[PDB]
Each structure stands twice: as C-alpha cells, then as structure tokens.
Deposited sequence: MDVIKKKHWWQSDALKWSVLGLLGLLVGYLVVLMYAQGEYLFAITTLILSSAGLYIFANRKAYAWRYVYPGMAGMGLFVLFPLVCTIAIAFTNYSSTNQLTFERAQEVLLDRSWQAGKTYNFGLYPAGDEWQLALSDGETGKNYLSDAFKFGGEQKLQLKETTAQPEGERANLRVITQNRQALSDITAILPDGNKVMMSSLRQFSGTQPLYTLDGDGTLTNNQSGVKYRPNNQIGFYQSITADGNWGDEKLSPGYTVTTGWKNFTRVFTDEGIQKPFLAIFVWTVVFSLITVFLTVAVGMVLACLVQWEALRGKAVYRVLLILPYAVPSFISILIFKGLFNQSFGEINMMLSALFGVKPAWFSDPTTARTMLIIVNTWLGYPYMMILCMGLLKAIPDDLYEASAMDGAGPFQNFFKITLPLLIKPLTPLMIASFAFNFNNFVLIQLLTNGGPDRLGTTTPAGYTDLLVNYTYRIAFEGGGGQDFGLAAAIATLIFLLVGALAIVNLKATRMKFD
C-alpha cells in the first residue's frame, strides 16, 4: 500500500512548481498568463484536496484541455471582433511606432569606405566618387561612439585593405563611428561598403507627435482609425497602421450594408438544406452499412468493413479535386458513362440544382464513414435477446430495423447529428474546392453564387472584396453565424 502522507507530499511538490512558475511568469512581463495559470492550478489542487469535490476529479483534466484549446481561442476571436485588426491594421501601436522610427532618408553624400590596419590600430578611408577626392583618418581604436576627423589625401594608406570578414566582425564598433569631412559634414556607416549621411526620417517629441525631418510635416496618433495622421487633422495618413478598438463597428456593418444582405436569406436557406440532407443521408447510409457488416450471415464482412471506410482514410483534399475532375461536364468519366448509358450529360456546375446534387453526392461520400464507424460501436449496446423477442412477435429484418434498431440508435446519435449539422453549416472548404460557390447569382452587387454557403459568401467579403484581410470583420461575422446556429439548435 502507498503511503497516506504521500498524497500530501505529491500535492505539496506540485504546490511548489505552481508558484515557482507563477511568480516566475509574474516577472519579465507575462501577466495574463500568470493570472490564468493561477486560477486553473488552484482549482486543480483544491479539487484533489477535499474528497467532497470527488466528481470534479474526473471532469477537471478534460475541462482544463477544453478551456485551453477551445474556449481560449473562442474568447480571442470574439475579442478581436471589437477591433480593426486587419492587413492594414496588423501591428500594435508600439510596433508601428518602432517601424516608423526605423525609417530613414539620405540627407547627404555617399562614400565607399575601406578599413586599413596601422599596427594594432585602424585607419578609415573614404572615397568621394563625384569629385575624385579621397579622405583618410588618423589611427584609431574600436569601441563605443567616437568621432573621427578625416583629412584629404593623395597618398595610399600603409596597411593592406581589410577583408569583408574583418569589416563584419567589427561592424558594431564600425557603426558607432561618426566620420567628419573637412567641410563639416557628418557621415556614418549605412552598409558594409559605404559611409553616408543617412538619417532618421522622424523624431519622437515626447508628447506623442512625430515629425518628418525631410518635409517638416507633423503627425499624431489617431486612435479612432488607428493611424498616424497629419496635424486639426490633415489629409495625409502614414502607414503602417495599428490595431485599435472599434466597438460595434464590425458587427453593425453586417446590419448597415445593403448589398451584403440581398442574398443572405437565399444563401441561408441553401446552407440549412445542404446540412440537413448531408446529416440525413450520411446517418442513413452509415447506419445501414454498419448493420449489414455486423450481420453474421454475411461471409465477407471483414473485407467489406475496411473498404467502406477508405473514403475517410485518404485525406479529403485530393478526393474533392478528383471529384471535380470526375464531374466535368464535357470531360470527366461520370458524364462519359452517362453519355453511353441513358444518354444524358448533366450540368454539374452550370445548373444550380444539379450542382447542389453534385455537392451533396460528394459530401455523403466524404461523411458516411464517420456515421458508419459510430453506429458500428453504438450497435454493440443493443442486447441480442431483443431480436429473439421480436422473432417471437413475428418481426422481419425491415421491421426489426424500424421498430427496434433505429429508435435505440437515434437517441445516442442525436447530439452527434446536431453537431454534424453545425459542422456542415460551416463546411467552407468543400464548396470552395469543388464549385467556388458557383454557378453565379446574377445581380449580387457583392458577389454571391448558388452553392455558396454562408461562410463562403461572408469570408469572400472579409478576405477578398478588395480590402485586404480584415480579421475583425471575419471575427464579427464568425460570432454572428455562431449565434445563428446556436439559436437554430432549439
């Protein structure tokens, strides 16, 4: 038997790591991570401390995982929706300011430089290209910020020219040198080969205002739109922009903008219908197959079983594109077979309804093994004597299925079906790869198509539509479609 004191020892040893990591997170600058890890660990320790919270010991590890990798990403997405986080406004203010302060302009001349040893010291040469004048410094030592008076010379330096290797090794010390020409000009290292009058484009005043050293124009943070704007505001706006809070602006835009609302209802209906038919067809196909493949009379079931789940063993990406090949109206082996037999070539892409049929056929092919595998296990929960009883009541195979097998399965399947509905509601990938949402809905001022899901039509507005990648908008619409599908499950 393991010690009883050992429980408090382990709980004490774990109670050490927490705090050792928490206060360590409190340092440098990780506050959000220190608060989150504290409440999470303390709950875990309390749960295993008192035996009154016994049930929670079973739930805690699983809920910890879920909170971390499902709920935390969920909250961030929602959080982002209240900001203008986009391609245009991707950086934080600090970063955006930093970027701008790293910007430079060429204020003066440009000189090719060489480095020449004088014993244990160095000598810096500059060459003026436009006058053919050459300048050379006195012997100096590397280290820290220093100013060198250069003198015009006709002579060559005594030392042999330094390698790129030597220039590179001494680059930091070299970059701290301000070279001074005989006429008063200052010049600093701008590359590994050149000294020049490169200078910062802006200077930070201290009260917030940035000013261009080339034009004299003054800019200030406009936290309403997230840009440094000229100054009371001027017409000019500096990029890069920074992420800033925009409240309801991203949510209201889905309600404000007519044109993005025109095909909403029509698209919604198709998305609902597409999901329902997918769930129905996959459950039905999968359930039957699972039933047939456990039937002990079926002498090939072990082989059948494996082959039936292969559409799910191969990554769906290639399969979808291959289906796109197979469904080609003029080419593609499906309509080449429907030409020989029956004699019809369906417009699997051109005609809205036949495209919807194609999409459902492919999705059922994709999704039936999911339901099949579930039923394969769920069927094992039905006791065999129920069918002995039904035999004594005079049931056949079809009667067995609809009066016993189906009803016993729909209850555990119910949550899985509601989930499968929500998943297929947002099946962006399938529609994109197969149809691109086509064929085209005519008259839609913001582009929409007949097989477009809600997600497909929406993320086109956010990530295409000529505005760059607007993450805040896509986050807001992700919240809205979530609230819609959550209201649907009722």
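Chemist: List in ascending order the stretches of the deposited sequence, numbered from 1, that lack C-alpha coordinates.
Modeler: Gaps vs deposited seq, in order: 1-9, 241-244, 504-514.
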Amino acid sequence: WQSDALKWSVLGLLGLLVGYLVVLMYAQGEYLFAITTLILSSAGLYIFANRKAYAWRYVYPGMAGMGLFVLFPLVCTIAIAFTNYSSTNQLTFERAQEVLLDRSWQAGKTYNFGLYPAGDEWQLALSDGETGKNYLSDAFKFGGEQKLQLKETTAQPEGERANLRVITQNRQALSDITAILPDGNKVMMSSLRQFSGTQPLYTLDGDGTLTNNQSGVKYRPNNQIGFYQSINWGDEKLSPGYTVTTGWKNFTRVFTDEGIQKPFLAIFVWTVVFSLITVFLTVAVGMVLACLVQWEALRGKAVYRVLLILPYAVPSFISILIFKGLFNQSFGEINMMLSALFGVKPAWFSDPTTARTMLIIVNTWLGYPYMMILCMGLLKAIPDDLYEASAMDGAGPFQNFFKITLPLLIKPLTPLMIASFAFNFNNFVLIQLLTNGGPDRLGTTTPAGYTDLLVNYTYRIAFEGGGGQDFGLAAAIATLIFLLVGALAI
From here on, numbers count along this sequence of modelled residues.
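The term rigid core refers to the maximal set of C-alpha atoms that superpose within 1.5 Å between the two forms.
Chemist: Between 392-400 and 305-313, where do the CA atoms move more in 4 other deposited structures of this protein, taking the root mean square over the structures and residues after a core fit?
Modeler: Of the two stretches, the larger average C-alpha offset in 4 other deposited structures of this protein falls on 392-400.
Chemist: Give, as the answer, the stretch of 318-326 and 125-133 that departs more from the shown form in 4 other deposited structures of this protein; the measure is RMS Cα distance after a core fit.
Modeler: Looking at 125-133 and 318-326 in 4 other deposited structures of this protein, the bigger mover is 125-133.
Chemist: Report the stretch with the higher mean CA temperature factor, choosing between 141-149 and 300-308 on the basis of the entry.
Modeler: Mean C-alpha B-factor is greater for 141-149.
Chemist: Take the C-alpha B-factors listed in the entry for 461-469 and for 23-31, compute each mean, and give the stretch with the larger one.
Modeler: 23-31 has the higher mean C-alpha B-factor.
Chemist: Taking the values straight from the PDB record, which of 96, 386, 371, 340 has the highest C-alpha temperature factor?
Modeler: Answer for 96, 386, 371, 340: 340, with the highest C-alpha B-factor.
Chemist: Using the entry's values, work out which of 431, 454, 45, 448 has the largest Cα B factor.
Modeler: Out of 431, 454, 45, 448, the record gives the largest C-alpha B-factor to 45.
Chemist: Relative to the other modelled residues in the chain, which third contains the C-alpha temperature factor of residue 357: lowest, middle or highest?
Modeler: Lowest third.
Chemist: When the modelled residues of the chain are sorted by Cα temperature factor, does residue 422 land in the lowest, middle or highest third?
Modeler: Within its chain, residue 422 is a lowest-third residue by C-alpha B-factor, going by the deposited values.
Chemist: Rank-wise, by C-alpha B-factor, drop residue 53 into the lowest, middle or highest third of its chain.
Modeler: For residue 53, the deposited C-alpha B-factor lands in the highest third.
Chemist: By its CA B factor, does residue 161 count among the lowest, middle or highest third of the modelled residues in the chain?
Modeler: Middle third of the chain for residue 161's C-alpha B-factor.
Chemist: Splitting the chain's C-alpha B-factors into thirds, which one does residue 241 fall into?
Modeler: Middle third of the chain for residue 241's C-alpha B-factor.
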